[PDB]
Engineer: 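First the structure, which I've put down as structure tokens, then a few questions once you've had a look.
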Amino acid sequence: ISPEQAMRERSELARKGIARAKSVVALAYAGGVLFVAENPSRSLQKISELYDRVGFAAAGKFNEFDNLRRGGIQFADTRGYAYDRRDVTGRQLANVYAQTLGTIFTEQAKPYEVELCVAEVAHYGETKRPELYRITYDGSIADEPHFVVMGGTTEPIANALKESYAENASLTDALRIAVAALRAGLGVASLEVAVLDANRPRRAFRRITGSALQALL
Amino acid sequence: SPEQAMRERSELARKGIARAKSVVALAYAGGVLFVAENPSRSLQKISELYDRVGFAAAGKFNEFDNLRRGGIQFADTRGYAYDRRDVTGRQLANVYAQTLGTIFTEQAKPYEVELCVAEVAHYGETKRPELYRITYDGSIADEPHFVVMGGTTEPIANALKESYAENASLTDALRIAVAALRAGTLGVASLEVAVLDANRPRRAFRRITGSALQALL
Amino acid sequence: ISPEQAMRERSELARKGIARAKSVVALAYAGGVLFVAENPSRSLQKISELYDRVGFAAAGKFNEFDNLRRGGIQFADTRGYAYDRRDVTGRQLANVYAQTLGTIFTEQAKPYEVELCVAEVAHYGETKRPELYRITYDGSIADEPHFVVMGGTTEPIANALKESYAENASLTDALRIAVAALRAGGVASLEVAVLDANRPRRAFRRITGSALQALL
Amino acid sequence: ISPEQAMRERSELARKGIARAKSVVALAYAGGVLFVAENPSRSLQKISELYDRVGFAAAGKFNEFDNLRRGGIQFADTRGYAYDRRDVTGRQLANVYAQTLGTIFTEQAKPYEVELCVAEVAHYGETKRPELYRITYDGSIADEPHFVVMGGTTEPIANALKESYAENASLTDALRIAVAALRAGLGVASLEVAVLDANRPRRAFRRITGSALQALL
Amino acid sequence: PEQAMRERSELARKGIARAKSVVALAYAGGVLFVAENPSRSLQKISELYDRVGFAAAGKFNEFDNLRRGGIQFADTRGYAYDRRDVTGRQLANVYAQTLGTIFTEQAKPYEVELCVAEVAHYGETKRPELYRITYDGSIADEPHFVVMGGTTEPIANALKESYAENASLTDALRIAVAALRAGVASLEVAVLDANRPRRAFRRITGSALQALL
Amino acid sequence: XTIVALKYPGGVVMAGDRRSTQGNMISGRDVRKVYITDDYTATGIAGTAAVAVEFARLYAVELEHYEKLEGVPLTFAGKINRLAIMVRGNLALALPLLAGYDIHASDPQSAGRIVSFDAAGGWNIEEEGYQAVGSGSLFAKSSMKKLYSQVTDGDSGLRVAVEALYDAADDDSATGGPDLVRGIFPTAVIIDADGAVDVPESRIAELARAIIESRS
Amino acid sequence: XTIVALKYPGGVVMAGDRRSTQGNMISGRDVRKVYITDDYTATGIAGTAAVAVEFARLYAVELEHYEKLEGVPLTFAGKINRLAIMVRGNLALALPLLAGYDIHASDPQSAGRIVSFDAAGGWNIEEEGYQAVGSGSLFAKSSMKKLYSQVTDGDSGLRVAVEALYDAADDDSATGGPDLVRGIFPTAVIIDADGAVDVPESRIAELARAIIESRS
Amino acid sequence: XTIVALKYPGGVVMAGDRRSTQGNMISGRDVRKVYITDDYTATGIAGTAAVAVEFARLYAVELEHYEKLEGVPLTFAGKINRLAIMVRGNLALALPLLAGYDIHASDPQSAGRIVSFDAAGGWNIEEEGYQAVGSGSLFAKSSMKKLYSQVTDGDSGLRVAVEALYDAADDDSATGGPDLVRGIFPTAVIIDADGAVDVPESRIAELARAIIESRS
Amino acid sequence: XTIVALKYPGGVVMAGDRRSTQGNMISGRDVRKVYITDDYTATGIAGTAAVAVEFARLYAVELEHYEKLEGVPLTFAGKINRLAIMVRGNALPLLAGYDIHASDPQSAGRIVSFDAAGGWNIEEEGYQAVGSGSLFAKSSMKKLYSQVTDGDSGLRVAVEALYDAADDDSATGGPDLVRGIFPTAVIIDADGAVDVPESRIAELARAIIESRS
């Protein structure tokens, strides 16, 4: 059974499922990382905390990425308990996601129709540039320095960001640049917003909802 | 067809390696030098394995990192059960050959990787550095001077066949390697460099980063 | 799925891989058995000791025959420990390799691209003619009385030996007849070793460096 | 392909491998059963003792029939120990081989390229006619009363025995009648000879080699 | 999926058609088994349990394996419950499950056709039972006779006319020998004798067999 | 309780008492301890009704199982072997006594066989003519010792066996004597070339009543 | 009980008594404790009839099993190794005494072998000429110490073995002496270059009679 | 045996005696019990040479294993965690004393760390300045209690550690004093911002001689 | 029983007595307890003939197994590690060896012992002994060790230490002049491990005895 053939059809099945789903954007700003996703749902989340300085964002089939979300928290909590809280990093989680997705694609019947983003900010009182990793349906991992765009039609959103992005932008500015890029290919009702706030003492993940979000939007 | 499946699997792998960035490993006066085109701060293609043994790879990260970890586990287990001297480059190269060979023949997809295992002499001993490269199919080759992996290898290999000098200094060997790479800007920001320094008493692996790497450039 | 077809394609895949690899020659001489292989490598060995009077030589894909070399050593040590050192024979090891290769040829996705030679000389102070076995990729075992040729293009090397072979050739003579015979298909390119019947227990002896030049 | 076919492809695969191999003859004489085989080898045996009054002979691929020889000895020794030595019989062993070959022919990828003969003589001081069984590659068992011919080109050798077979013929006579037939379709250097001697108290199998065989030829 | 079943069934029918024939019939004193068998040691008819018998046609190695399996089953059941638990239905049922599983899970289906027969216990009056179990696990309850192996139709038709219920031993044997053709060195014969105290299975061989022919 | 077995010219006889106790209390007066296991063997266990019957049933099943599977009975050695395997497997308790007649032995007169089992589950072919197991075994053996010379056939053999059981009861409160009031007597099996047969109660009653009148 | 073994020039002899006891009670007068296990070996166990025969049977099966599988018997060292593995496997009790003849030894006159097993299951090749196991072993060894100088061949060796068993019975109530009333004598096996043979009972009877007449 | 550890401004020092005893008998005089485990840690075990070195070796392998896998060393808290896991895994014996320097702590003068383990396998970060384990630990701690005020740097810290071990040996026969006849002295490790280094035997010998001179 | 080992310039020597006892009874007079395990090592166990030979055989197989698999022998530290693994997995051996890879050849001799808990110990005091006569042997070597200047004087001290062990411990066997049985010994230097001839041990033993009378 042709390996070429199998591998191309599986890639297509996955790419199409991701292209059919809503879009997510993750970008580096002054106070950390900002996650913005098109999400009409009030209960089915696409963005989540993983560990203290590490966040998660995904696009694709919910049941598939939530399984991964849950699994990542599982892996993170076990590692931090068996070693120290500082062992848990984005690189480690991205890596773990890469092995998991790679195995699914290689081994399961249908590949996961997901695209993941793992981000990490500095520990409190430290100066380290935010890290953003893109993990794709086949286990490919990419280290992006500025932004990550996942799901739907990525090209017009990616091109809109290359132009608008500017390093060390404030929260309000970064949000608008992100909401604008999502319109290239929407308010409180159709959005999910969260930040990995580097100024938080331990848990960097913070959700920006309701009246507080309208204020910055 | 058994004959056709093998050629396809070979092609799938060869294409994935050709698509990735390049790595060069070469013998010099003070040991072995590894130079890779690596923009990423946190994802590494070069690593320590054991006391005088080093690792370098090209291809799909998730796959070669999994092998890097397996090699470290193997080496640590061997050195503990026997003696630290049992761990050799030959041994590690052999283990990678068995592992890659098993993956290629028996998995639904071969690994899109090429690996180089290098070894220098123990402190105060005179032994010529050894360099082994293991391929996606489990083929192992003993190279006496240099190893080139990933991307378009031919122009980088030919550039070295010409510019390669035995017993070259650190500064000279680095430039000959960076040139060779450039053929296929390449500053500190885009380079991952390390040496297996034979003058180190136990652990030969040393990373050359930041301001210290600028000086030798 | 066609048994006749699958069996022919697997045979071809193996044959081609062996034909692509460097050549090895194993022959009987006065003091025992002599192994000579084309090997540019200083660390990746094609010839090896198995047990006290038993030797190993292979041609093909390294990772595959090294796995078999290790497996044969594991088998031999386990047998000799559970029975006596004399239970380990060339016949036994060749038989085990035949079962192993035969099973690989049937159950694994890809057959092993190897050809193996197991040789045995007499115990110290005994007179028994050297035994040489050829084990092929499919599990076929052949008892050869004079020489075994494996890997690459075997016919010109095999025919070169059929003519140049002397029953009780000396070490120096046997080596030249073997090196000459390879050329029909020096030190930095050769791996040489003997199963010396005059050694008290361990017959396997590697002939390297200055000592080998002296015989060439 | 189809199932009627598969079974045919296998018969041929098997029949061809047996036709390619050297020939073996097993015949009843006065003092028991006589086995004669074309065998240039001094160490790779085609004829063997199984149990006290039971013998084995085979033609085909060595690795395959030796595996069955070993399997038969294992079965016989286990049976004789769990019941009594008299439980082991030719017919019993000839049925075990039929079940084993039949299972190989059906459930394994490649049928065994073998043809087997199991012979049994009477216990000491008893009068029972020698029994000869032929077990073929597919698990077919045939009860032959006078002789069994296996391997190579069987038809011309069988006919030559018919012309020269005499019941109750002496050892010397039976040997010549057997050697002549093999020749039709050879000395101590190229022959394996053995008898199941009914006059032996317990172990009937006796090898006739060297000078003693010359003295009979 | 449909083709596979058809092909397999066809393969099975062929091997059975290539083999010698067996006949099992009800008579006055129990059940009678008659088979074409040149061999002196490879048996096609056997005892299973006290009142239960076994007869088969097809590939020897395959039906002997089933005979052995049936004896194992019967001996285990009788020990775990009582000797009366073992019946023809039970063994046929077990053979049906076994052949059915083989037909569905192995590469090649068994080239066999089996007959399990049962007579009454001593001093009881129950009509003999005869079961035909085929290669696919189909079980048929036959009231008078069962014909297996070879070319069954001419043997089955020859019995349909000449069949007398309550026939004696000598008469039943001749009607059976006369229907297979449609001697002692070309036959295997046995009865499930309902007049036997415990073990009903009795082989009729040699000089005793010539008499009744 | 007591089981005795003795060889006579032409065969063997095995007899057992009928009592079962729970401490000093009589819990059984009708226990049958000796059972025919095949056409040529019988077993006896100096234990409860259930142990004696259950063992015999499992053993008889095993012997007939072999006969149906293989077409022929096990040889006597094979029967003892299967029994030993069964006894050693139950010690993973009272020990069985086997009485048999080897139909393939060359001398039919001495073809009778007695096999006992020791505390560790080891078998023992008896060569002295008789044996006994159970709490009254020594009294039975010492009685047979003095009476054995009177054994010339099946009947004088049976008589000696009944008298040994009577002596066991006379000295061991755990072995039951002949009960004239209830008409309960020891059971017995006699095996010769024609096979194993249960001795009729009326022959035992007659022997027991005569031993009684004679000692009165 | 007592089993003795002694090396004579060109051979080895092993002898065992015939008694079995249960406390102070004589339970056997005919126990056979010494058995030929292969053409060149014999085992003796100072235990019950069952332990002696069962151990010997399993050992004999294992030796012949190897011979049929491999085409040649195990070397003597391999025979000891299989016996040791069997002994250690039964421990994890009475220990065997192995007597043998190494057909492959250089000097045939001293090719006789005696191997014993200690409480922990360890083997020891006896180098002093004789050994004994069992409850009368010390008495037998101390007797052989004084009589061994007379062992110049197989016959004198058989005579001394019998006299050592006689001395063991004379001082240890658990060892049986020659029984002239019943005609029961120690059993023995002699092994030399022509193989292991059972010594005829008539030969042991005359030796026992001469020993008795001499001490009278 | 006794191991002591103390914090000085800028680092930590750990020292151990050299004796080993099998009851009242001196079985060792050169036992090394303190080993550097990574660039900033050292472990000491008040046990045999093998327990001390085997533990240190396994712990050092684990720390370096993490560094190679993740690219950075574990934090100090993670090093203790891995040590605790290893200790609890061995208890389901003598307990580890860990000395270290946290290179990530804000105040370098107090970055030295001492961690002990109780009988149940529980870790304890010592905040009183020093700790000791072993049979002479109470004598060593009571000596350090009176001398600790003298610790102003690395040298005086080392002197106090050697004098604590001297006091342990003076009151506990299982702890070894400085042996002037053989030139054997306590071993010691010193860890500061530049890493862990073995203290030269010559420096310990001078401090030991000054302590001996002072007590005289 | 007693085994002794001592370092001499450029070498090491190991010797062992020949007795075995069962309580107070002498069960053996020719027990060999010291065996060469590879070209540069020997092991000695103060136990029965079987324990000493079986342990040595398994250890010898393990050292040669590694050499054939990896092409080179284990380093000395690796040989000790495999021995320790073997001892912990399982009365306590004494290992004597020569490190062909050490810097100074005169001092390359090695002695490794094991304590009750299975812990290894490299001995740096010059000698060591194990067994029931070990304290007597060590106290004897303590006074005689300054006389060791070479291979031969080492062997004499080793034999005299064993003599002293037997003189004070009834479980260790002294030289038996009646039977001609003497302690066995192995000597190891740069040229490898060799069994010391019985004739040389016998001579040293006679001179020790002559000197004491």
Side-chain angles (χ1 to χ4, degrees), chain B residues 49-55 70-102 117-132 134 138 140-144 198-204, chain I residues 37-43 55 58-90 93 95-105 107-114 117-124 188:
Chain B
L49 279 185
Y50 215 68
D51 286 338
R52 318 308 279 187
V53 185
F55 174 96
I72 288 167
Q73 187 191 29
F74 177 82
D76 285 352
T77 297
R78 283 290 296 206
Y80 185 68
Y82 296 96
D83 43 49
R84 298 196 74 84
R85 210 186 196 78
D86 165 74
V87 186
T88 67
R90 174 196 166 266
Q91 192 180 253
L92 273 146
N94 202 343
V95 172
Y96 280 135
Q98 307 279 335
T99 310
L100 281 170
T102 297
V117 169
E119 177 183 24
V120 298
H122 279 81
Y123 185 68
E125 284 178 32
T126 40
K127 190 171 82 72
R128 289 169 51 90
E130 306 194 74
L131 278 78
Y132 301 88
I134 300 75
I140 165 168
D142 188 348
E143 296 293 330
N199 195 66
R200 273 286 197 73
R202 188 169 58 82
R203 297 170 77 184
Chain I
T37 46
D38 86 351
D39 291 326
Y40 292 101
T41 57
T43 57
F55 194 83
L58 185 52
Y59 188 51
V61 167
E62 179 132 296
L63 297 183
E64 196 162 281
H65 181 77
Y66 182 94
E67 195 190 338
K68 293 183 298 187
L69 289 172
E70 310 304 318
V72 73
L74 277 160
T75 60
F76 191 72
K79 292 182 194 179
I80 299 166
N81 194 38
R82 291 274 100 193
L83 188 59
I85 282 162
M86 186 172 291
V87 173
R88 288 190 293 254
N90 273 51
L95 176 69
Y98 186 94
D99 191 356
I100 200 62
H101 298 124
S103 16
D104 178 27
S107 66
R110 301 282 180 267
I111 299 169
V112 180
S113 57
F114 291 79
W120 63 279
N121 219 303
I122 286 178
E123 289 295 321
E124 311 264 59
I188 320 176

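All chains are named by letter (A, B, ...) in the order of the sequence lines, taking the proteins before the strands, and each is independently numbered beginning at 1. Every heavy atom of this structure was used, including side-chain atoms; hydrogens, water molecules and symmetry mates were not.
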Engineer: For I/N81 and B/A81, indicate whether the former's side chain and the latter's backbone hold a donor-acceptor pair under 3.5 Å.
Structural biologist: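 Judged by distance alone, yes, a pair lies under 3.5 Å.
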
Engineer: Using non-hydrogen atoms and a limit below 4.5 Å, what part of residues 65-76 of chain I faces chain B?
Structural biologist: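 I/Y66, I/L69, I/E70, I/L74, I/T75 fall under the 4.5 Å cut-off.
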
Engineer: Is chain I contacted by the side chain of B/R90, its backbone, both, or neither, given a heavy-atom distance below 4.5 Å?
Structural biologist: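 Contact with chain I is through the side chain of B/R90 alone.
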
